[PDB]
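Participant: I have a structure I would like to understand better, so I am pasting it below and will then ask my questions one at a time.
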Amino acid sequence: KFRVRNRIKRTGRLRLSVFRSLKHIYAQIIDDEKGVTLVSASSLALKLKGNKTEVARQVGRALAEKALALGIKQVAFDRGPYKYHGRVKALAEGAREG
Amino acid sequence: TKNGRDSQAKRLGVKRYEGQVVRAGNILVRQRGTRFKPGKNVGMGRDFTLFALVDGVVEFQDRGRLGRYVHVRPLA
Amino acid sequence: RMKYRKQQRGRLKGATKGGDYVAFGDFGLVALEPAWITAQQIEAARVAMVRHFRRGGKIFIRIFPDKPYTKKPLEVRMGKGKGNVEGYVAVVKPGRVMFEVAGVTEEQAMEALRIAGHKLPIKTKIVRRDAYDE
Amino acid sequence: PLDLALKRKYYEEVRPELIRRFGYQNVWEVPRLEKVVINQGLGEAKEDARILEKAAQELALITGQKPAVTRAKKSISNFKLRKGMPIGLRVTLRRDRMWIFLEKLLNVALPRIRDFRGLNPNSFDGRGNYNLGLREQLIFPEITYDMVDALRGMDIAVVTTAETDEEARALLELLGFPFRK
Amino acid sequence: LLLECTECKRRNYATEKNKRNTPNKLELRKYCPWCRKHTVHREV
Amino acid sequence: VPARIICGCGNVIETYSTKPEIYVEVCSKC
RNA sequence: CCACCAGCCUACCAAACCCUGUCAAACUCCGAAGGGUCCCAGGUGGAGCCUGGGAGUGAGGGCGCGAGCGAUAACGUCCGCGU
RNA sequence: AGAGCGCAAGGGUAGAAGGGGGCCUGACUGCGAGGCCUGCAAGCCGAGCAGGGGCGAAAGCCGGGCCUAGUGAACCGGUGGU
RNA sequence: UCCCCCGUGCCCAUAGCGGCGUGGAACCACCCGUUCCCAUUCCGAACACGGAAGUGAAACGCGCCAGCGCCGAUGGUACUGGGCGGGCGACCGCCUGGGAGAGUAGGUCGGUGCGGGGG
RNA sequence: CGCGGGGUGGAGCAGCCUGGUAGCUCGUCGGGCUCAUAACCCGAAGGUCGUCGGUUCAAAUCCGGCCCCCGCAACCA
RNA sequence: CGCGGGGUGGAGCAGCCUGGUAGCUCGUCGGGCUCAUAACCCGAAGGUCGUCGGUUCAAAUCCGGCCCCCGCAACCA
RNA sequence: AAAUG
Ligand SMILES: CN(CC[C@H](N)CC(=O)N[C@H]1C=C[C@H](n2ccc(N)nc2=O)O[C@@H]1C(=O)O)C(=N)N
Ligand SMILES: [Mg+2]
Ligand SMILES: [Mg+2]
Ligand SMILES: [Mg+2]
Ligand SMILES: [Mg+2]
Ligand SMILES: [Mg+2]
Ligand SMILES: [Mg+2]
Ligand SMILES: [Mg+2]
Ligand SMILES: [Mg+2]
Ligand SMILES: [Mg+2]
Ligand SMILES: [Mg+2]
Ligand SMILES: [Mg+2]
Ligand SMILES: [Mg+2]
Ligand SMILES: [Mg+2]
Ligand SMILES: [Mg+2]
Ligand SMILES: [Mg+2]
Ligand SMILES: [Mg+2]
Ligand SMILES: [Mg+2]
Ligand SMILES: [Mg+2]
Ligand SMILES: [Mg+2]
Ligand SMILES: [Mg+2]
Ligand SMILES: [Mg+2]
Ligand SMILES: [Mg+2]
Ligand SMILES: [Mg+2]
Ligand SMILES: [Mg+2]
Ligand SMILES: [Mg+2]
Ligand SMILES: [Mg+2]
Ligand SMILES: [Mg+2]
Ligand SMILES: [Mg+2]
Ligand SMILES: [Mg+2]
Ligand SMILES: [Mg+2]
Ligand SMILES: [Mg+2]
Ligand SMILES: [Mg+2]
Ligand SMILES: [Mg+2]
Ligand SMILES: [Mg+2]
Ligand SMILES: [Mg+2]
Ligand SMILES: [Mg+2]
Ligand SMILES: [Mg+2]
Ligand SMILES: [Mg+2]
Ligand SMILES: [Mg+2]
Ligand SMILES: [Mg+2]
Ligand SMILES: [Mg+2]
Ligand SMILES: [Mg+2]
Ligand SMILES: [Mg+2]
Ligand SMILES: [Mg+2]
Ligand SMILES: [Mg+2]
Ligand SMILES: [Mg+2]
Ligand SMILES: [Mg+2]
Ligand SMILES: [Mg+2]
Ligand SMILES: [Mg+2]
Ligand SMILES: [Mg+2]
Ligand SMILES: [Mg+2]
Ligand SMILES: [Mg+2]
Ligand SMILES: [Mg+2]
Ligand SMILES: [Mg+2]
Ligand SMILES: [Mg+2]
Ligand SMILES: [Mg+2]
Ligand SMILES: [Mg+2]
Ligand SMILES: [Mg+2]
Ligand SMILES: [Mg+2]
Ligand SMILES: [Mg+2]
Ligand SMILES: [Mg+2]
Ligand SMILES: [Mg+2]
Ligand SMILES: [Mg+2]
Ligand SMILES: [Mg+2]
Ligand SMILES: [Mg+2]
Ligand SMILES: [Mg+2]
Ligand SMILES: [Mg+2]
Ligand SMILES: [Mg+2]
Ligand SMILES: [Mg+2]
Ligand SMILES: [Mg+2]
Ligand SMILES: [Mg+2]
Ligand SMILES: [Mg+2]
Ligand SMILES: [Mg+2]
Ligand SMILES: [Mg+2]
Ligand SMILES: [Mg+2]
Ligand SMILES: [Mg+2]
Ligand SMILES: [Mg+2]
Ligand SMILES: [Mg+2]
Ligand SMILES: [Mg+2]
Ligand SMILES: [Mg+2]
Ligand SMILES: [Mg+2]
Ligand SMILES: [Mg+2]
Ligand SMILES: [Mg+2]
Ligand SMILES: [Mg+2]
Ligand SMILES: [Mg+2]
Ligand SMILES: [Mg+2]
Ligand SMILES: [Mg+2]
Ligand SMILES: [Mg+2]
Ligand SMILES: [Mg+2]
Ligand SMILES: [Mg+2]
Ligand SMILES: [Mg+2]
Ligand SMILES: [Mg+2]
Ligand SMILES: [Mg+2]
Ligand SMILES: [Mg+2]
Ligand SMILES: [Mg+2]
Ligand SMILES: [Mg+2]
Ligand SMILES: [Mg+2]
Ligand SMILES: [Mg+2]
Ligand SMILES: [Mg+2]
Ligand SMILES: [Mg+2]
Ligand SMILES: [Mg+2]
Ligand SMILES: [Mg+2]
Ligand SMILES: [Mg+2]
Ligand SMILES: [Mg+2]
Ligand SMILES: [Mg+2]
Ligand SMILES: [Mg+2]
Ligand SMILES: [Mg+2]
Ligand SMILES: [Mg+2]
Ligand SMILES: [Mg+2]
Ligand SMILES: [Mg+2]
Ligand SMILES: [Mg+2]
Ligand SMILES: [Mg+2]
Ligand SMILES: [Mg+2]
Ligand SMILES: [Mg+2]
Ligand SMILES: [Mg+2]
Ligand SMILES: [Mg+2]
Ligand SMILES: [Mg+2]
Ligand SMILES: [Mg+2]
Ligand SMILES: [Mg+2]
Ligand SMILES: [Mg+2]
Ligand SMILES: [Mg+2]
Ligand SMILES: [Mg+2]
Ligand SMILES: [Mg+2]
Ligand SMILES: [Mg+2]
Ligand SMILES: [Mg+2]
Ligand SMILES: [Mg+2]
Ligand SMILES: [Mg+2]
Ligand SMILES: [Mg+2]
Ligand SMILES: [Mg+2]
Ligand SMILES: [Mg+2]
Ligand SMILES: [Mg+2]
Ligand SMILES: [Mg+2]
Ligand SMILES: [Mg+2]
Ligand SMILES: [Mg+2]
Ligand SMILES: [Mg+2]
Ligand SMILES: [Mg+2]
Ligand SMILES: [Mg+2]
Ligand SMILES: [Mg+2]
Ligand SMILES: [Mg+2]
Ligand SMILES: [Mg+2]
Ligand SMILES: [Mg+2]
Ligand SMILES: [Mg+2]
Ligand SMILES: [Mg+2]
Ligand SMILES: [Mg+2]
Ligand SMILES: [Mg+2]
Ligand SMILES: [Mg+2]
Ligand SMILES: [Mg+2]
Ligand SMILES: [Mg+2]
Ligand SMILES: [Mg+2]
Ligand SMILES: [Mg+2]
Ligand SMILES: [Mg+2]
Ligand SMILES: [Mg+2]
Ligand SMILES: [Mg+2]
Ligand SMILES: [Mg+2]
Ligand SMILES: [Mg+2]
Ligand SMILES: [Mg+2]
Ligand SMILES: [Mg+2]
Ligand SMILES: [Mg+2]
Ligand SMILES: [Mg+2]
Ligand SMILES: [Mg+2]
Ligand SMILES: [Mg+2]
Ligand SMILES: [Mg+2]
Ligand SMILES: [Mg+2]
Ligand SMILES: [Mg+2]
Ligand SMILES: [Mg+2]
Ligand SMILES: [Mg+2]
Ligand SMILES: [Mg+2]
Ligand SMILES: [Mg+2]
Ligand SMILES: [Mg+2]
Ligand SMILES: [Mg+2]
Ligand SMILES: [Mg+2]
Ligand SMILES: [Mg+2]
Ligand SMILES: [Mg+2]
Ligand SMILES: [Mg+2]
Ligand SMILES: [Mg+2]
Ligand SMILES: [Mg+2]
Ligand SMILES: [Mg+2]
Ligand SMILES: [Mg+2]
Ligand SMILES: [Mg+2]
Ligand SMILES: [Mg+2]
Ligand SMILES: [Mg+2]
Ligand SMILES: [Mg+2]
Ligand SMILES: [Mg+2]
Ligand SMILES: [Mg+2]
Ligand SMILES: [Mg+2]
Ligand SMILES: [Mg+2]
Ligand SMILES: [Mg+2]
């Protein structure tokens, strides 16, 4: 079901990989072609509150802070096995503000 | 004797080997299906024709369960 | 049989694979010269053995004629020979084991197999069972 | 709605009883009802879709749940089949929707049956799952005689979590399945 | 059956191929003329 | 939705289903 | 023998499957020698490349080798590599 | 993966090219670096630029169909437009 | 620097199937609920949202066994650039350089890059 | 062997091109008219579509192979 | 390609003219007569008179477009 | 319109 991952790759660079647990959500921009992560704004496993979506937009902006500081811009969003919606969407909502 | 018949043989195959210089647009492989897959700087057309997307050297690669890939590692 | 269609001819390169080892009986008949063996040859050779030791042990044919043999109807030069006049034959390189008997003594086996030699278009040798088993 | 007999009967009676026979370390290892797929095979409705949509509302009504229209694949020329024209309603019951169904099935459907003597004991598919067929369809509660156009019953597939047969075999017995033994 | 898509409020055309008896009595797909830009086209 | 499964054989079961109109002549108790 | 039924099993016909043993131009889990091409190097040769003037040739043949056709016939025939 | 992929075979393919649904008509216009093949003429692949669009949140994808058959120089004339 | 888990890429079965055992602090899953966003040709199965109680059964992670699968030499042979010799032939033999497939001995219940979390 | 045509209830024919659905005449069989037979009248039965394989959801029907029958041809100067 | 006239019951067709009539023939069913068979006779079931729109109180009838068939004439790089 | 024993 990871067919989406393949598409995003052979396309550009800087994958915004996004995993999300039943009580968590993680995001890391990674430059493939060598397999290395640039920035990793973990969420529930970092410090944030309790509302999943509310948490998402926070980490989204959070990632943008540290990421854009290092000079980043390729919004190649790895919409994982998760349909673009709610939590994952809010995560995007965040970076789309930061 | 319903035989004695054929069809104009299409000169297909690997058109540019590994370690060759190529200009952008150069055809790398004309193939039946995807006997070779695209890759770094190598796109393919509706017929499966793999071609260079930029100038550089051509390098091949294999990946077993994943198949063989043609690349163009640039430098100029 | 069943298969599909008429075959090309093909050369008979070295006895490479063409060759085996006894594996069913006490004695064996083996080819020394290469050749296509007709079905009707297999037959005559086989019967020649059973015909010999009547109510005998067991015959083992180890080559099967799967090659379609072609032939023209006595004409000129076109199309491919419908042929099959001899029908089918099996390619046989030197060293290949043809027949094997069992359930009979030396004299029974020696004579019977020897008879097959005369039924075959080949110079042949009889074999015991040495001791060579892989 | 989430509260009635079979649910409780399973938790406050069946659940422990099973543990006494096989003694599971963990709670989940216990056999468990969780899926009931009703399915008619009205290939006859291939032509007239009148019977089709009707039995569809009969079916959805006896179950309360919405009905799905099954399609064809291959082609039984021997009985007018091609791509997917035909049909055979199929509803899948889980959670309470299932329980409420099994309530009527065990206390009303099964009861009034043209000569009932028990369910087939061999009908276990070698893995914690049972299957049974019904001829008449009006043996269900809200199916008056002046409503039936024709006898068009169906078959029900009950799914458990048990592995072995006799393991799930008991599970349905404790619930209320009158096996012929 | 050959077909050439005429433009509305004009008289442009486009290479095409209808299918007649098979479900096709009304062909009105979009296109884009050189005259002006972007317009709906009839069958004809 | 409630339901009055008034069995003819004394029993008077009760569960959930559309319309409380039920009158089973003989149910699981006869 | 047992027919309104049965299995080990039958010097009885056989799908599937298994063991032993094999076959295939149009079958390949494998797979050489070699062949092709590119890079670097040697190679000054009636080598090589570019532009133009002038051609002839377009019945070939034998031999070796690899195949088709033929009959594992023909000073046969048809291609391939070489002479 | 022995199915499927409209039809022959082949190559390819479930990490989709197969099956289902939503919206849509890029079976666009003006071009086209660079090449495959090649005696000529033809045939084939094509990134990218401009215009105006489609689907997608976006990265993006779309100049018909998984691909290789489904075809006919010129001449002469018909038709619509400039 | 060392161990465990989570996300991700690389090698592309020595990574697999199976069997046994182990982990819930954390992590992850399972799980609770269907009001809000979203969803079912039916079903909250799946996708989705809000989240405690429970569990490590399932799944997953880690660790063992070589039954299957998979990998697999050395030696020898086939075959063969090139150079020769022998028969009427179907063919056969030598020199020289290259050298399989099968089979034998054996190997294998993985290795590793980056980031994050926990001790 | 090559080109064309044809194998269908007992006999003689249609259906095939345009795949689903066995048609016609006679004969046969049971029952009626006759003293009886036939004629005539009323009913019914009977096919494996040569054969093997393939196509197709489905083959008398489309496709290929073999067998049988009919005509022509097999010049050879 | 243009021109001409056709679609009406199960089948063939008049009625179209010029608006108020759907008829005939065989066919199918019943009945009458019959050695039988037709012939004859009685009665009967069955047609948006191609399609969609239009003038009209009222058409299948006059009108427009169109579907399909039949025919006429011409052309074919 | 109606052949035969
Ligand atoms: C019988 N003829 C033939 C007259 C010719 N000018 C002369 C003649 O005899 N020609 C004949 C010459 C041989 C020729 N022939 C025969 C066999 C063959 N395999 N190939 C041939 O060419 O067939 C010819 C033939 O008879 O028509 C006439 N009525 N004209
Ligand atoms: Mg993920
Ligand atoms: Mg052919
Ligand atoms: Mg040819
Ligand atoms: Mg050729
Ligand atoms: Mg090129
Ligand atoms: Mg393209
Ligand atoms: Mg394509
Ligand atoms: Mg390499
Ligand atoms: Mg893989
Ligand atoms: Mg000797
Ligand atoms: Mg052995
Ligand atoms: Mg062996
Ligand atoms: Mg289903
Ligand atoms: Mg049907
Ligand atoms: Mg539930
Ligand atoms: Mg057409
Ligand atoms: Mg056409
Ligand atoms: Mg079309
Ligand atoms: Mg268009
Ligand atoms: Mg212009
Ligand atoms: Mg009997
Ligand atoms: Mg008896
Ligand atoms: Mg019985
Ligand atoms: Mg009986
Ligand atoms: Mg019986
Ligand atoms: Mg009996
Ligand atoms: Mg009896
Ligand atoms: Mg009996
Ligand atoms: Mg068998
Ligand atoms: Mg046998
Ligand atoms: Mg077998
Ligand atoms: Mg060959
Ligand atoms: Mg073939
Ligand atoms: Mg291979
Ligand atoms: Mg190997
Ligand atoms: Mg090699
Ligand atoms: Mg090599
Ligand atoms: Mg080289
Ligand atoms: Mg250079
Ligand atoms: Mg040099
Ligand atoms: Mg010099
Ligand atoms: Mg010079
Ligand atoms: Mg010279
Ligand atoms: Mg010279
Ligand atoms: Mg030069
Ligand atoms: Mg020149
Ligand atoms: Mg010159
Ligand atoms: Mg010149
Ligand atoms: Mg010249
Ligand atoms: Mg020439
Ligand atoms: Mg010559
Ligand atoms: Mg010539
Ligand atoms: Mg020459
Ligand atoms: Mg020569
Ligand atoms: Mg030669
Ligand atoms: Mg040679
Ligand atoms: Mg060969
Ligand atoms: Mg030979
Ligand atoms: Mg000779
Ligand atoms: Mg020769
Ligand atoms: Mg050749
Ligand atoms: Mg397989
Ligand atoms: Mg396939
Ligand atoms: Mg399909
Ligand atoms: Mg095939
Ligand atoms: Mg294929
Ligand atoms: Mg793939
Ligand atoms: Mg797809
Ligand atoms: Mg689809
Ligand atoms: Mg699709
Ligand atoms: Mg759709
Ligand atoms: Mg779609
Ligand atoms: Mg729809
Ligand atoms: Mg340029
Ligand atoms: Mg160019
Ligand atoms: Mg060009
Ligand atoms: Mg070229
Ligand atoms: Mg050219
Ligand atoms: Mg020229
Ligand atoms: Mg040109
Ligand atoms: Mg072409
Ligand atoms: Mg483009
Ligand atoms: Mg756009
Ligand atoms: Mg973005
Ligand atoms: Mg494009
Ligand atoms: Mg396309
Ligand atoms: Mg397609
Ligand atoms: Mg498509
Ligand atoms: Mg042409
Ligand atoms: Mg043509
Ligand atoms: Mg053409
Ligand atoms: Mg032209
Ligand atoms: Mg001319
Ligand atoms: Mg002109
Ligand atoms: Mg003009
Ligand atoms: Mg330290
Ligand atoms: Mg430290
Ligand atoms: Mg370090
Ligand atoms: Mg370490
Ligand atoms: Mg890791
Ligand atoms: Mg890597
Ligand atoms: Mg498994
Ligand atoms: Mg444990
Ligand atoms: Mg424990
Ligand atoms: Mg816990
Ligand atoms: Mg609860
Ligand atoms: Mg609530
Ligand atoms: Mg609500
Ligand atoms: Mg559906
Ligand atoms: Mg729906
Ligand atoms: Mg849930
Ligand atoms: Mg979920
Ligand atoms: Mg929770
Ligand atoms: Mg817990
Ligand atoms: Mg576990
Ligand atoms: Mg367990
Ligand atoms: Mg482990
Ligand atoms: Mg593991
Ligand atoms: Mg073990
Ligand atoms: Mg072993
Ligand atoms: Mg060594
Ligand atoms: Mg070795
Ligand atoms: Mg060696
Ligand atoms: Mg050598
Ligand atoms: Mg000599
Ligand atoms: Mg000789
Ligand atoms: Mg020789
Ligand atoms: Mg050597
Ligand atoms: Mg070596
Ligand atoms: Mg090797
Ligand atoms: Mg071997
Ligand atoms: Mg072997
Ligand atoms: Mg060894
Ligand atoms: Mg494991
Ligand atoms: Mg390992
Ligand atoms: Mg190890
Ligand atoms: Mg290792
Ligand atoms: Mg690392
Ligand atoms: Mg770290
Ligand atoms: Mg952690
Ligand atoms: Mg510590
Ligand atoms: Mg410590
Ligand atoms: Mg014929
Ligand atoms: Mg004819
Ligand atoms: Mg005939
Ligand atoms: Mg017939
Ligand atoms: Mg007949
Ligand atoms: Mg007959
Ligand atoms: Mg007739
Ligand atoms: Mg007829
Ligand atoms: Mg006729
Ligand atoms: Mg016909
Ligand atoms: Mg025909
Ligand atoms: Mg047809
Ligand atoms: Mg008759
Ligand atoms: Mg008679
Ligand atoms: Mg009679
Ligand atoms: Mg009388
Ligand atoms: Mg009489
Ligand atoms: Mg009599
Ligand atoms: Mg009949
Ligand atoms: Mg018949
Ligand atoms: Mg025939
Ligand atoms: Mg036939
Ligand atoms: Mg036939
Ligand atoms: Mg039929
Ligand atoms: Mg035919
Ligand atoms: Mg003669
Ligand atoms: Mg002569
Ligand atoms: Mg003559
Ligand atoms: Mg004209
Ligand atoms: Mg015309
Ligand atoms: Mg016209
Ligand atoms: Mg006129
Ligand atoms: Mg009137
Ligand atoms: Mg009258
Ligand atoms: Mg009638
Ligand atoms: Mg008459
Ligand atoms: Mg009359
Ligand atoms: Mg009317
Ligand atoms: Mg009317
Ligand atoms: Mg009307
Ligand atoms: Mg005429
Ligand atoms: Mg006229
Ligand atoms: Mg004209
Ligand atoms: Mg014409
Ligand atoms: Mg007489």
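Participant: Looking at the stretch D:122-135, is at least one residue among the basic types (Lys, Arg) and more than 25 Å from D:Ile51 (Cβ to Cβ)?
Facilitator: yes
Participant: Only one of D:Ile143, D:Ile100 is touching a helix residue (DSSP H, G or I) at 6+ places or on another chain (Cβ under 8 Å) and of a type outside the set (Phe, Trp, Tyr). Can you tell me which?
Facilitator: Going through D:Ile143, D:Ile100 in turn, the sole match is D:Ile143.
Participant: Taking A:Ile29, is it away from every other protein chain (no Cβ under 14 Å) and assigned to a strand (DSSP E or B)?
Facilitator: yes
Participant: Continuing with this model, one more query. Residues being over 24 Å from C:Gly79 (Cα atoms) and without any contact (Cβ under 8 Å) to a residue 24 or more places away in the chain: count how many of those fall in the stretch B:1-20.
Facilitator: Total satisfying the criteria: 6.
Participant: I'd like the full set of residues that are facing another protein chain (nearest Cβ under 7 Å) and either closer than 16 Å to D:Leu6 by Cβ or in contact with a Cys (Cβ under 6 Å, 6 or more places away or on another chain) (or both), limited to chain F.
Facilitator: Passing the criteria: F:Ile5, F:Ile13, F:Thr15, F:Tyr16, F:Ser17, F:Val24, F:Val26, F:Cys27, F:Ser28.
Participant: Check the stretch C:5-23 and report whether any residue there is crowded, with 17+ Cβ neighbours inside 10 Å, under 18 Å from the mean Cα position of the chain (by Cα), away from ligand 13 (no atom under 16 Å from the Cβ) and not hydrophobic (A, V, I, L, M, F, W, C).
Facilitator: No.
Participant: Does D:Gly43 count as within 30 Å of D:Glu167 (Cβ to Cβ) and more than 14 Å from every other protein chain (Cβ to nearest Cβ)?
Facilitator: When the stated conditions are applied, D:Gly43 does not pass them.
Participant: On to the next question. Hey, any hits in the stretch D:110-121 for a residue that's within 12 Å of chain F (Cβ to nearest Cβ), among the β-branched types (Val, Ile, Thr) and touching a residue at least 60 places away in the same chain (Cβ under 8 Å)?
Facilitator: Within the stretch D:110-121, not a single residue is within 12 Å of chain F (Cβ to nearest Cβ), among the β-branched types (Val, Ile, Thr) and touching a residue at least 60 places away in the same chain (Cβ under 8 Å).
Participant: Separate question: Of all residues in the stretch E:1-27, which are in contact with a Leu (Cβ under 8 Å, 6 or more places away or on another chain) and either within 16 Å of ligand 14 (Cβ to nearest atom) or closer than 11 Å to E:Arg42 by Cα (or both)?
Facilitator: Within the stretch E:1-27, just E:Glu27 meets the criteria.
Participant: Quick check: is even one residue across the stretch D:136-149 farther than 19 Å from F:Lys19 by Cβ and surrounded by 12 or more Cβ atoms within 10 Å (Cβ to Cβ)?
Facilitator: There is at least one residue in the stretch D:136-149 that is farther than 19 Å from F:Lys19 by Cβ and surrounded by 12 or more Cβ atoms within 10 Å (Cβ to Cβ).
Participant: Okay, moving on. Does D:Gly133 satisfy the condition of being surrounded by 16 or more Cβ atoms within 10 Å (Cβ to Cβ) and more than 14 Å from every other protein chain (Cβ to nearest Cβ)?
Facilitator: Considered against the rule, which asks whether it is surrounded by 16 or more Cβ atoms within 10 Å (Cβ to Cβ) and more than 14 Å from every other protein chain (Cβ to nearest Cβ), D:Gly133 comes out as no.
Participant: Any residue in the stretch B:21-41 that is more than 16 Å from ligand 10 (Cβ to nearest atom) and touching a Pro at 6+ places or on another chain (Cβ under 8 Å)?
Facilitator: yes
Participant: If you take the residues of the stretch A:61-80 that are in a loop (DSSP other than H, G, I, E, B) and out of contact with any helix residue (DSSP H, G or I) (no Cβ under 8 Å at 6 or more places or on another chain), which of them is nearest to A:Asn6 (Cα to Cα)?
Facilitator: A:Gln74
Yes/no matrix, rows are residues, columns are (1) within 14 Å of chain A (Cβ to nearest Cβ); (2) within 16 Å of ligand 59 (Cβ to nearest atom); (3) crowded, with 17+ Cβ neighbours inside 10 Å; (4) not basic (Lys, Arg):
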{"residue": "B:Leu12", "(1), (2), (3), (4)": "no, no, no, yes"}
{"residue": "B:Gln20", "(1), (2), (3), (4)": "no, no, no, yes"}
{"residue": "B:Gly25", "(1), (2), (3), (4)": "no, no, no, yes"}
{"residue": "B:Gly39", "(1), (2), (3), (4)": "yes, no, yes, yes"}
{"residue": "B:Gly43", "(1), (2), (3), (4)": "yes, no, no, yes"}
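Participant: Filtering the stretch D:1-31 down to residues that are within 14 Å of chain F (Cβ to nearest Cβ) and charged (D, E, K, R), which residue is nearest to D:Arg94 (Cα to Cα)?
Facilitator: D:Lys7
Participant: Okay, next question. Of all residues in the stretch A:32-60, count the ones that are away from chain B (no Cβ under 14 Å) and in a loop (DSSP other than H, G, I, E, B).
Facilitator: 12
Participant: Would you mind finding the one in D:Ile139, D:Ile100 that is part of a loop (DSSP other than H, G, I, E, B) and within 14 Å of another protein chain (Cβ to nearest Cβ)?
Facilitator: D:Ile139
Participant: Only residues in the stretch C:51-80 that are farther than 18 Å from C:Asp20 by Cα count as the first member; pair them with residues that are among the polar types (S, T, N, Q), Cβ under 6 angstrom, at least 6 apart or cross-chain, and list the lot.
Facilitator: C:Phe53/C:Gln108; C:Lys67/C:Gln7; C:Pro68/C:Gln7; C:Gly79/B:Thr1
Participant: How many residues does the stretch C:68-106 contain that are acidic (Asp, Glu) and closer than 30 Å to C:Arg129 by Cβ?
Facilitator: Here the count works out to 2.
Participant: Taking only pairs six or more apart or across chains, which ones have beta-carbon atoms under 7 Å, a first residue in the stretch C:1-23 that is within 14 Å of chain B (Cβ to nearest Cβ) and assigned to a loop (DSSP other than H, G, I, E, B), and a second residue that is of a type outside the set (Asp, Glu) and within 16 Å of ligand 4 (Cβ to nearest atom)?
Facilitator: From the stretch C:1-23, the pairs are C:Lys6/C:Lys80.
Matching residues to (1) exposed (fewer than 10 other Cβ atoms within 10 Å of the Cβ); (2) within 10 Å of the chain's Cα centre (by Cα):
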| position | (1), (2) |
| --- | --- |
| E:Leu3 | no, yes |
| E:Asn12 | no, yes |
| E:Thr15 | yes, yes |
| E:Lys19 | no, no |
| E:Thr22 | yes, no |
| E:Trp34 | yes, no |
| E:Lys37 | yes, no |
| E:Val44 | no, yes |
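Participant: Sticking with this structure for a sec: Hey, could you check the stretch D:50-69 for residues that are without any contact (Cβ under 8 Å) to a residue 12 or more places away in the chain and over 17 Å from the mean Cα position of the chain (by Cα) and say which is farthest from ligand 85 (Cβ to nearest atom)?
Facilitator: Applying the filter and picking the extreme gives D:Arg50.
Participant: Give me the strands (runs of 3 or more DSSP E) completely within the stretch B:1-66, filtered to those with at least 3 residues that are more than 11 Å from the chain's Cα centre (by Cα), ordered by residue number.
Facilitator: Counting at least 3 such residues, we get B:56-62.
Participant: Right, C:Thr38: within 16 Å of ligand 59 (Cβ to nearest atom) and in contact with a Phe, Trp or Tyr (Cβ under 8 Å, 6 or more places away or on another chain) or not?
Facilitator: yes
All Cβ positions, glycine included, derive from the backbone under ideal geometry; neighbour counts span all protein chains shown. Quick note: the coordinates plus some simple rules give every number you see, no bench work behind them.
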